[PDB]
Amino acid sequence: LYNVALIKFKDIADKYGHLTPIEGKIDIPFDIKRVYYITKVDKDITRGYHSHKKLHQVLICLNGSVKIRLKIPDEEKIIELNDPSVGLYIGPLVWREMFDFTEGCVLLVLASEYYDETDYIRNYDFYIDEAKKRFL
Amino acid sequence: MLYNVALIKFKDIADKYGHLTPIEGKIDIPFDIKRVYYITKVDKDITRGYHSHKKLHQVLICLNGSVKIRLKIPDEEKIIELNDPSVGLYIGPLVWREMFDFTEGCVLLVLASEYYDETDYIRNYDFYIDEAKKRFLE
Ligand SMILES: C[C@H](O)COCC(COC[C@@H](C)O)(COC[C@@H](C)O)COC[C@@H](C)O
Ligand SMILES: Cc1cn([C@H]2C[C@H](O)[C@@H](CO)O2)c(=O)[nH]c1=O
Ligand SMILES: Cc1cn([C@H]2C[C@H](O)[C@@H](CO)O2)c(=O)[nH]c1=O
C-alpha cells in the first residue's frame, strides 16, 4: 500500500531487440548509488526478509518472473514482476520477501544510497515496532 | 594492445538463497552510475551496437545467458564472451563495439558514467576511425 509504486520505463523495441534506459533523477526519483542483482534462485526459495529506514529502491525483473510480497502493519500485497519495462518503487519502512523466482529469473535492484548495515532492518519484531509508529 | 578495456570481477554472494552481485559507484567500478540500460529479447541472428564514444565510460554485464562483444580500435580486434553475472566488461573512450550471438533469455546490463548525450555517440565508422587513429597510432 503506502510507499510503493509501479514505475513505467521507455521500451525501445525494433528488429534489434528491446532496450530500456533508466537515468538517475529522471526515470526514477533518485540518483543510483548502488545496483545489485539476484540470479539462480531455486524455485522453492523465499528471500529478502528486510526493510530499511532511509533507503529508496526500484526493483525490476529483467527475465522470467518473481513475486514480491510487500508488508506494512496490517497490510500485505503480492506483486508479480515479469516485464523489464516496469519498476517497483519501494520506499522506507516497507518489509519485503521475494519468492517464486522462475528458471533464468534476473531481479535487478537500483538503490539510492551505498550499503549501510545500520539501516538494514532484518529483525521482523524491530520492523513492526518502528513501522507501527509510522503507519498507525 | 587492446587499450581502454578491462574485465572487472565483482563479488558473487552465493548461498542457499541464490546468487547476488552488488555494484557500488566508485567502489566496485571506477565511476558514479548516472545511467543504466539493459537489452533483452534479441534474436539469435542479430548484431547490434556499431558505435563508440569520446567521453563516456561503461561497464557491460551479461546477467543471464551469453552474448559476444566485438571490440575494436584501429588495427586491433577482440571478441569477448560474457556469460557470468559477476564479471563486467569496462569499456573506455574510443573503443568501437558490436554485440552478437545473444542467447535465448540473454540480458545485457550496461552501467554508464554519464547521462545520454547524442553528441558523444559516435555512429559514423569513418569518423570513429579518424578520431581513434589520432589517439592510438604512435
Ligand atoms: C515457515 C517458516 O520458515 C516461516 O518463517 C517465518 C519468518 C518470517 O519472518 C517475517 C514474517 C513475514 O513475519 C520467521 O519469523 C517469525 C518471528 C520470529 O518473527 C521467516 O524466518 C526468517 C528466516 C527465513 O530468515
Ligand atoms: C542507448 C539509448 C538510446 N536512446 C535512444 C536514442 C537512439 O537514437 C535510439 C536508438 O533507437 O534510442 C535513448 O533515448 N537513451 C539511451 O540510453
Ligand atoms: C544488498 C547488499 C548486500 N550485501 C551483503 C553485505 C551483508 O553483510 C550481506 C548480508 O549478510 O549482504 C552487500 O555487500 N551489498 C549489498 O548491496
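Legend: P(r) of chain A from all alpha carbon pair distances, 10 Å bins from 0, whole percents, reading 12, 41, 36, 9, 2, 0.
For the pair A:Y124 and A:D11, label points projected 7 Å from Cα toward Cβ lie 3.4 nm apart. Along its three principal directions, the equivalent ellipsoid of the protein assembly as shown from the Cα gyration tensor extends over semi-axes of 36, 19, 16 Å, largest first.
Among B:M1, B:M99, a tally of other beta-carbon atoms within 10 Å of each Cβ gives an order, fewest to most, of B:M1, B:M99.
Spatial offset of the stretch A:71-88 relative to the stretch B:4-31 amounts to 26 Å, using the alpha carbon center of each. Against chain A, whose longest principal axis is taken from its Cα atoms, helix A:124-135 shows a tilt of about 90°. Its DSSP H runs of at least 4 residues, each contributing -39,500 (n - 2.57), put the calculated 222 nm mean residue ellipticity of chain B at -2500 deg cm²/dmol, to the nearest 500.
Once Rg and the Kirkwood radius are both taken over the C-alpha atoms of the stretch A:3-69, their ratio Rg/Rh works out to 0.98. Charges were assigned to the Cβ only: +1 to each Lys and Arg, -1 to each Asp and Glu. The resulting dipole of chain B about its Cα centre is roughly 160 debye.
Any read-out appearing in this document is the output of simple, stated calculations on the displayed coordinates, not a laboratory observation. With ideal geometry, Cβ positions are generated from the backbone for all residues, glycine too; neighbour counts draw on all protein chains shown.
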